[PDB]
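S.K.: Just start.pdb, nothing more (PDB, C-alpha atoms and all ligand atoms):
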ATOM      1  CA  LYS A   5      15.799  -7.338 -25.535
ATOM      2  CA  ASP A   6      15.761  -3.491 -25.515
ATOM      3  CA  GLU A   7      16.869  -2.054 -22.161
ATOM      4  CA  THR A   8      14.088  -0.250 -20.316
ATOM      5  CA  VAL A   9      14.199   3.137 -18.509
ATOM      6  CA  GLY A  10      11.278   4.454 -16.449
ATOM      7  CA  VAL A  11      10.068   8.058 -16.674
ATOM      8  CA  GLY A  12       7.515   9.222 -14.088
ATOM      9  CA  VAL A  13       4.575  11.335 -15.314
ATOM     10  CA  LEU A  14       1.541  12.906 -13.593
ATOM     11  CA  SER A  15      -0.879  13.755 -16.403
ATOM     12  CA  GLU A  16      -1.512  15.359 -19.751
ATOM     13  CA  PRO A  17       0.059  17.075 -21.566
ATOM     14  CA  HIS A  18       3.335  15.502 -20.435
ATOM     15  CA  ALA A  19       1.979  11.991 -20.959
ATOM     16  CA  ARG A  20       1.256  12.483 -24.649
ATOM     17  CA  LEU A  21       4.699  14.125 -25.112
ATOM     18  CA  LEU A  22       6.362  11.099 -23.468
ATOM     19  CA  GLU A  23       4.423   8.775 -25.816
ATOM     20  CA  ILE A  24       5.875  10.631 -28.798
ATOM     21  CA  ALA A  25       9.283  10.366 -27.170
ATOM     22  CA  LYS A  26       8.753   6.633 -26.508
ATOM     23  CA  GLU A  27       8.249   5.983 -30.225
ATOM     24  CA  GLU A  28      11.309   7.999 -31.114
ATOM     25  CA  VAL A  29      13.819   6.454 -28.747
ATOM     26  CA  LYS A  30      12.562   2.982 -29.674
ATOM     27  CA  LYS A  31      14.636   3.651 -32.809
ATOM     28  CA  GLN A  32      17.782   3.585 -30.693
ATOM     29  CA  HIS A  33      16.503   0.445 -29.046
ATOM     30  CA  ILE A  34      15.491   2.197 -25.834
ATOM     31  CA  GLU A  35      12.224   1.136 -24.338
ATOM     32  CA  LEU A  36      10.762   4.071 -22.482
ATOM     33  CA  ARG A  37       8.403   2.855 -19.755
ATOM     34  CA  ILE A  38       5.933   5.640 -18.814
ATOM     35  CA  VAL A  39       5.121   5.289 -15.138
ATOM     36  CA  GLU A  40       1.987   7.067 -13.889
ATOM     37  CA  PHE A  41       1.910   8.712 -10.453
ATOM     38  CA  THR A  42      -0.700  10.712  -8.553
ATOM     39  CA  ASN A  43       1.274  13.267  -6.608
ATOM     40  CA  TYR A  44       4.197  15.607  -6.753
ATOM     41  CA  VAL A  45       6.221  14.233  -3.844
ATOM     42  CA  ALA A  46       5.934  10.607  -4.882
ATOM     43  CA  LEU A  47       7.326  11.391  -8.315
ATOM     44  CA  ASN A  48      10.456  13.059  -6.968
ATOM     45  CA  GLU A  49      11.023  10.520  -4.202
ATOM     46  CA  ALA A  50      10.857   7.696  -6.811
ATOM     47  CA  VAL A  51      13.625   9.318  -8.830
ATOM     48  CA  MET A  52      15.682   9.825  -5.602
ATOM     49  CA  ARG A  53      15.261   6.108  -4.607
ATOM     50  CA  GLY A  54      16.103   5.025  -8.149
ATOM     51  CA  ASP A  55      12.770   3.329  -8.954
ATOM     52  CA  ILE A  56      12.594   5.442 -12.122
ATOM     53  CA  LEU A  57      15.473   7.129 -14.048
ATOM     54  CA  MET A  58      13.689  10.406 -14.686
ATOM     55  CA  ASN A  59      10.464  12.292 -14.328
ATOM     56  CA  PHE A  60       8.625  14.859 -16.328
ATOM     57  CA  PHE A  61       6.034  16.986 -14.516
ATOM     58  CA  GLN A  62       7.522  20.057 -12.810
ATOM     59  CA  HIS A  63       9.407  23.319 -13.257
ATOM     60  CA  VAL A  64      12.767  24.236 -11.638
ATOM     61  CA  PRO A  65      11.406  26.250  -8.651
ATOM     62  CA  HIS A  66       9.322  23.186  -7.698
ATOM     63  CA  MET A  67      12.349  20.864  -7.999
ATOM     64  CA  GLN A  68      14.398  23.312  -5.889
ATOM     65  CA  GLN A  69      11.711  23.391  -3.252
ATOM     66  CA  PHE A  70      11.785  19.570  -3.147
ATOM     67  CA  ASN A  71      15.602  19.464  -2.887
ATOM     68  CA  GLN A  72      15.512  21.872   0.073
ATOM     69  CA  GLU A  73      12.636  20.269   1.944
ATOM     70  CA  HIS A  74      13.413  16.599   1.332
ATOM     71  CA  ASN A  75      17.209  16.697   1.178
ATOM     72  CA  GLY A  76      17.051  15.878  -2.494
ATOM     73  CA  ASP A  77      19.757  15.874  -5.152
ATOM     74  CA  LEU A  78      17.593  16.310  -8.311
ATOM     75  CA  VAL A  79      18.753  18.329 -11.341
ATOM     76  CA  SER A  80      17.128  19.465 -14.558
ATOM     77  CA  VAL A  81      18.698  18.196 -17.781
ATOM     78  CA  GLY A  82      16.685  20.573 -19.933
ATOM     79  CA  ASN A  83      13.692  22.858 -20.442
ATOM     80  CA  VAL A  84      10.982  21.275 -22.552
ATOM     81  CA  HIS A  85       7.869  23.463 -22.568
ATOM     82  CA  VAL A  86       5.998  26.349 -20.880
ATOM     83  CA  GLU A  87       2.370  26.085 -19.593
ATOM     84  CA  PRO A  88       1.111  29.596 -18.752
ATOM     85  CA  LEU A  89      -0.608  29.928 -15.394
ATOM     86  CA  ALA A  90      -3.907  31.858 -15.514
ATOM     87  CA  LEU A  91      -6.774  33.120 -13.332
ATOM     88  CA  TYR A  92     -10.079  31.586 -14.473
ATOM     89  CA  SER A  93     -13.627  32.281 -13.281
ATOM     90  CA  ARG A  94     -16.842  30.253 -13.347
ATOM     91  CA  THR A  95     -18.772  33.392 -14.069
ATOM     92  CA  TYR A  96     -16.800  36.638 -14.292
ATOM     93  CA  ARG A  97     -15.496  37.563 -17.739
ATOM     94  CA  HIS A  98     -13.185  40.391 -16.715
ATOM     95  CA  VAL A  99     -10.678  40.845 -14.036
ATOM     96  CA  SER A 100     -12.411  44.080 -12.927
ATOM     97  CA  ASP A 101     -15.714  42.204 -12.477
ATOM     98  CA  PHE A 102     -14.501  40.677  -9.164
ATOM     99  CA  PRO A 103     -16.385  42.202  -6.224
ATOM    100  CA  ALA A 104     -14.760  43.001  -2.892
ATOM    101  CA  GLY A 105     -14.710  39.859  -0.814
ATOM    102  CA  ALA A 106     -14.473  37.574  -3.919
ATOM    103  CA  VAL A 107     -13.018  34.105  -3.120
ATOM    104  CA  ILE A 108      -9.979  33.088  -5.238
ATOM    105  CA  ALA A 109      -8.477  29.593  -4.880
ATOM    106  CA  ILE A 110      -4.776  29.070  -5.554
ATOM    107  CA  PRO A 111      -2.252  26.211  -5.428
ATOM    108  CA  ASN A 112      -1.101  25.145  -1.969
ATOM    109  CA  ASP A 113       2.419  23.896  -2.796
ATOM    110  CA  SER A 114       4.780  26.812  -2.081
ATOM    111  CA  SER A 115       6.517  27.351  -5.413
ATOM    112  CA  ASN A 116       3.176  27.439  -7.328
ATOM    113  CA  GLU A 117       1.452  29.347  -4.552
ATOM    114  CA  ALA A 118       4.083  32.111  -4.868
ATOM    115  CA  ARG A 119       3.736  32.000  -8.658
ATOM    116  CA  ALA A 120      -0.044  32.382  -8.394
ATOM    117  CA  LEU A 121       0.293  35.218  -5.821
ATOM    118  CA  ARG A 122       2.641  37.084  -8.232
ATOM    119  CA  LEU A 123       0.057  36.589 -11.024
ATOM    120  CA  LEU A 124      -2.650  38.201  -8.804
ATOM    121  CA  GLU A 125      -0.167  40.946  -7.863
ATOM    122  CA  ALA A 126       0.460  41.688 -11.588
ATOM    123  CA  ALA A 127      -3.328  41.908 -12.099
ATOM    124  CA  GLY A 128      -3.578  44.485  -9.278
ATOM    125  CA  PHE A 129      -5.340  42.431  -6.569
ATOM    126  CA  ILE A 130      -2.609  42.383  -3.954
ATOM    127  CA  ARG A 131       0.919  43.431  -3.074
ATOM    128  CA  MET A 132       3.528  40.977  -1.846
ATOM    129  CA  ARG A 133       6.120  41.811   0.877
ATOM    130  CA  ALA A 134       9.598  42.679  -0.538
ATOM    131  CA  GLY A 135      11.847  39.889   0.622
ATOM    132  CA  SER A 136       9.269  37.143  -0.145
ATOM    133  CA  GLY A 137      11.331  34.904  -2.395
ATOM    134  CA  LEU A 138      10.567  32.031  -4.696
ATOM    135  CA  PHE A 139       8.478  30.123  -2.084
ATOM    136  CA  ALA A 140       6.291  32.999  -0.852
ATOM    137  CA  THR A 141       2.840  32.183   0.587
ATOM    138  CA  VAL A 142      -0.321  33.976   1.583
ATOM    139  CA  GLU A 143       1.439  35.045   4.846
ATOM    140  CA  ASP A 144       3.715  37.197   2.661
ATOM    141  CA  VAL A 145       0.842  39.297   1.295
ATOM    142  CA  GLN A 146       1.504  42.872   2.383
ATOM    143  CA  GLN A 147      -1.611  44.565   1.015
ATOM    144  CA  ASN A 148      -5.025  43.420  -0.225
ATOM    145  CA  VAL A 149      -6.142  46.008  -2.823
ATOM    146  CA  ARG A 150      -9.292  44.365  -4.228
ATOM    147  CA  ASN A 151     -10.326  42.891  -0.833
ATOM    148  CA  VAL A 152     -10.064  39.210  -1.896
ATOM    149  CA  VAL A 153     -10.166  35.975   0.114
ATOM    150  CA  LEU A 154      -7.322  33.632  -0.988
ATOM    151  CA  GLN A 155      -7.907  29.904  -0.475
ATOM    152  CA  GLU A 156      -5.028  27.485  -0.692
ATOM    153  CA  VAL A 157      -6.093  24.219  -2.385
ATOM    154  CA  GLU A 158      -4.258  21.101  -3.619
ATOM    155  CA  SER A 159      -3.519  21.853  -7.289
ATOM    156  CA  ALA A 160      -5.224  18.774  -8.660
ATOM    157  CA  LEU A 161      -8.467  19.766  -6.882
ATOM    158  CA  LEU A 162      -8.628  23.321  -8.148
ATOM    159  CA  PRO A 163     -10.846  22.319 -11.137
ATOM    160  CA  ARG A 164     -13.070  20.463  -8.654
ATOM    161  CA  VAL A 165     -13.802  23.521  -6.476
ATOM    162  CA  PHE A 166     -13.896  25.848  -9.503
ATOM    163  CA  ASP A 167     -17.673  25.963  -9.681
ATOM    164  CA  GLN A 168     -17.873  26.870  -5.996
ATOM    165  CA  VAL A 169     -15.476  29.866  -5.832
ATOM    166  CA  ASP A 170     -15.409  33.230  -7.633
ATOM    167  CA  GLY A 171     -12.121  32.472  -9.394
ATOM    168  CA  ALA A 172      -9.120  30.139  -9.358
ATOM    169  CA  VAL A 173      -5.478  30.321 -10.513
ATOM    170  CA  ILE A 174      -5.054  26.896 -12.154
ATOM    171  CA  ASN A 175      -1.886  25.204 -13.448
ATOM    172  CA  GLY A 176      -2.057  24.681 -17.205
ATOM    173  CA  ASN A 177      -1.998  20.885 -17.058
ATOM    174  CA  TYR A 178      -5.003  20.732 -14.746
ATOM    175  CA  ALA A 179      -6.838  23.554 -16.529
ATOM    176  CA  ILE A 180      -6.437  21.834 -19.942
ATOM    177  CA  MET A 181      -7.663  18.564 -18.476
ATOM    178  CA  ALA A 182     -10.814  20.405 -17.272
ATOM    179  CA  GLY A 183     -11.411  22.114 -20.650
ATOM    180  CA  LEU A 184      -9.934  25.541 -19.720
ATOM    181  CA  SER A 185      -7.519  27.427 -21.996
ATOM    182  CA  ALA A 186      -5.347  30.183 -20.580
ATOM    183  CA  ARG A 187      -5.793  32.152 -23.824
ATOM    184  CA  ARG A 188      -9.458  31.526 -24.484
ATOM    185  CA  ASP A 189     -10.742  31.435 -20.900
ATOM    186  CA  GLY A 190      -8.087  33.149 -18.762
ATOM    187  CA  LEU A 191      -8.808  36.573 -17.330
ATOM    188  CA  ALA A 192      -5.166  37.236 -16.298
ATOM    189  CA  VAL A 193      -1.895  35.444 -16.972
ATOM    190  CA  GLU A 194       1.299  35.123 -14.926
ATOM    191  CA  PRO A 195       3.998  37.692 -15.697
ATOM    192  CA  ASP A 196       6.842  35.247 -16.446
ATOM    193  CA  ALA A 197       5.810  31.827 -17.688
ATOM    194  CA  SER A 198       9.191  31.119 -19.258
ATOM    195  CA  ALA A 199      10.812  31.031 -15.761
ATOM    196  CA  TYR A 200       8.435  28.158 -14.949
ATOM    197  CA  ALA A 201       9.355  26.006 -17.956
ATOM    198  CA  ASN A 202       8.742  22.291 -17.258
ATOM    199  CA  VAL A 203      11.878  20.191 -17.252
ATOM    200  CA  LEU A 204      13.077  16.606 -17.596
ATOM    201  CA  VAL A 205      14.572  15.703 -14.173
ATOM    202  CA  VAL A 206      17.082  13.115 -12.961
ATOM    203  CA  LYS A 207      19.222  12.416  -9.932
ATOM    204  CA  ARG A 208      22.522  14.356  -9.937
ATOM    205  CA  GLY A 209      25.040  12.006 -11.484
ATOM    206  CA  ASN A 210      22.715  10.763 -14.257
ATOM    207  CA  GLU A 211      22.568  13.908 -16.461
ATOM    208  CA  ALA A 212      24.890  12.390 -19.061
ATOM    209  CA  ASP A 213      23.167   8.986 -19.081
ATOM    210  CA  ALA A 214      22.810   8.338 -22.796
ATOM    211  CA  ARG A 215      19.195   7.185 -22.483
ATOM    212  CA  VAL A 216      18.282  10.352 -20.553
ATOM    213  CA  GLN A 217      19.960  12.483 -23.220
ATOM    214  CA  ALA A 218      17.955  10.662 -25.946
ATOM    215  CA  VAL A 219      14.677  11.240 -24.206
ATOM    216  CA  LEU A 220      15.610  14.902 -23.799
ATOM    217  CA  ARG A 221      16.483  15.256 -27.486
ATOM    218  CA  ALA A 222      13.187  13.699 -28.397
ATOM    219  CA  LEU A 223      11.181  15.922 -26.063
ATOM    220  CA  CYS A 224      12.848  19.010 -27.520
ATOM    221  CA  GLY A 225      12.713  17.875 -31.107
ATOM    222  CA  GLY A 226      10.957  19.056 -34.214
ATOM    223  CA  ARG A 227       8.187  16.476 -33.953
ATOM    224  CA  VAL A 228       7.226  17.505 -30.405
ATOM    225  CA  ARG A 229       7.548  21.214 -31.244
ATOM    226  CA  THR A 230       5.348  20.598 -34.252
ATOM    227  CA  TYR A 231       2.801  18.713 -32.181
ATOM    228  CA  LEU A 232       2.561  21.444 -29.529
ATOM    229  CA  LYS A 233       2.169  24.371 -31.927
ATOM    230  CA  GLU A 234      -0.596  22.496 -33.704
ATOM    231  CA  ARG A 235      -2.573  21.145 -30.748
ATOM    232  CA  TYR A 236      -2.373  24.237 -28.517
ATOM    233  CA  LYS A 237      -2.940  27.161 -30.847
ATOM    234  CA  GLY A 238      -3.400  29.556 -27.982
ATOM    235  CA  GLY A 239       0.041  28.710 -26.698
ATOM    236  CA  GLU A 240      -1.505  26.860 -23.721
ATOM    237  CA  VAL A 241       1.481  24.472 -23.926
ATOM    238  CA  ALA A 242       4.434  25.751 -26.007
ATOM    239  CA  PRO A 243       8.020  24.593 -26.742
ATOM    240  CA  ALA A 244      10.550  26.199 -24.383
TER     241      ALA A 244
HETATM  242  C1  LIG A 301       4.876  20.546 -10.202
HETATM  243  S1  LIG A 301       5.416  22.223 -10.742
HETATM  244  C2  LIG A 301       4.008  22.635 -11.798
HETATM  245  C3  LIG A 301       4.053  22.004 -13.174
HETATM  246  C4  LIG A 301       2.845  22.423 -14.041
HETATM  247  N1  LIG A 301       2.763  21.558 -15.274
HETATM  248  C5  LIG A 301       2.970  23.930 -14.352
HETATM  249  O1  LIG A 301       3.805  24.281 -15.215
HETATM  250  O2  LIG A 301       2.241  24.743 -13.731
END
Would you write the structure of this file as structure tokens?
M.R.:
Amino acid sequence: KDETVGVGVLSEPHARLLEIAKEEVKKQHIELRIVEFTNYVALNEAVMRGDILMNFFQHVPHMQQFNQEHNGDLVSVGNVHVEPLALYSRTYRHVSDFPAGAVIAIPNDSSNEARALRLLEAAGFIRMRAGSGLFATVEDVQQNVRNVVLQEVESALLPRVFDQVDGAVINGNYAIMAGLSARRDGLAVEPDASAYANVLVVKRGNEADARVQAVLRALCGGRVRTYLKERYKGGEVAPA
């Protein structure tokens, strides 16, 4: 009898957070159906077509990129958590250990590629051109200080090529799934993780939907905040 609303998810840690949310909104007689997808575009297109009411897997710059490129009308209804982006290495233990010519793999979707490039800039490896913007890519690199080779790779595959490159800038969700902690294993962290807070997203016009608001309240509630602080003591995933 409870009405059902679908929420698209990509992977941990968002999936576990939606499971906590599912239990909580069940109390208001809302049955949260967690729908599992395999790629970024499919998740946003499903919300645009109306196959699911919301999704939970990206940050605002990514959503903005999708709106611009795919004529989307998605909006964030709230920040939920931050997952710091970090540079990891299969062998080097210090950022200054990287030899000239070292190969560093980074995300290939523009908003996370820019984010990763600004992380490497902050660590002193490169300098980005001035009017680069939120969707900057390797073509925007103005100077290569440490003489590094930057390889663009699909985010989900970064952990798979990790043992074959000198380093890799890996999104927190994929790093955690591969046993990497930005605090314990990272050699450098992005300069502004809070700007890349992950958000609950819906089509413009559904922000006030009462079911959406309940899921949001549950994702930002004391029980989720408590869960995060306890499971990710290094702040790998932290309430926004
Ligand atoms: C699809 S945008 C990237 C989301 C990812 N969980 C991150 O915060 O790096």
S.K.: Need to verify the contact set: residue 190 in chain A, 10 Å, all atoms listed in the file, exclusion of same-chain residues closer than 6 positions in sequence. Can you return it as a list in words?
M.R.: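 Neighbouring residues, sequence-local ones excluded: residues 88, 89, 90, 91, 92, 93, 97, 98, 99, 172, 173, 174, 179 and 184 of chain A.
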S.K.: Using only C-alpha atoms, which protein or nucleic acid residues come within 6 Å of range 59-75 of chain A? Drop anything in the same chain fewer than 3 positions from it, and give the result as a PyMOL selection string.
M.R.: chain A and resi 11-13+115+200-205
S.K.: Find the residues around residue 122 in chain A up to 12 Å (only C-alpha atoms counted), leave out those fewer than 3 positions away in its own chain, and share them as a PyMOL selection string.
M.R.: chain A and resi 89-91+110+115-119+125-134+136-142+144-145+173+192-197
S.K.: For the structure shown, which residues end up in the PyMOL selection byres (((chain A and resi 47) around 10) and not hetatm)? Put them as a list in words, please?
M.R.: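 When the PyMOL selection byres (((chain A and resi 47) around 10) and not hetatm) is applied to the shown file, the picked residues are residues 11, 12, 13, 14, 39, 40, 41, 42, 43, 44, 45, 46, 48, 49, 50, 51, 52, 55, 56, 58, 59, 60, 61 and 62 of chain A.
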S.K.: Using the file's own x, y and z axes, what box holds all listed atoms of range 22-26 of chain A with 3 Å on each side, keeping edges along x, y and z, and what are its centre and edge lengths in Å to one decimal, as AutoDock Vina command-line options?
M.R.:
--center_x 6.9 --center_y 8.9 --center_z -26.1 --size_x 10.9 --size_y 10.5 --size_z 11.3
S.K.: Could you please determine the separation between CA of residue 100 in chain A and atom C3 of ligand LIG 301 (chain A) in Å, to one decimal place?
M.R.: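 Spanning CA of residue 100 in chain A to atom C3 of ligand LIG 301 (chain A) is a straight-line distance of 27.5 Å.
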S.K.: Compare A:28, A:16, A:170, A:77 by their minimum atom-to-atom distance to ligand LIG 301 (chain A), counting only C-alpha atoms and all ligand atoms, and give me the closest one.
M.R.: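 Checking each candidate against ligand LIG 301 (chain A), we get A:16 as the closest.
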S.K.: Have a look at A:175, A:147, A:114, A:8 and name the one nearest to residue 159 in chain A; count all atoms listed in the file.
M.R.: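 Distance minimum relative to residue 159 in chain A lands on A:175.
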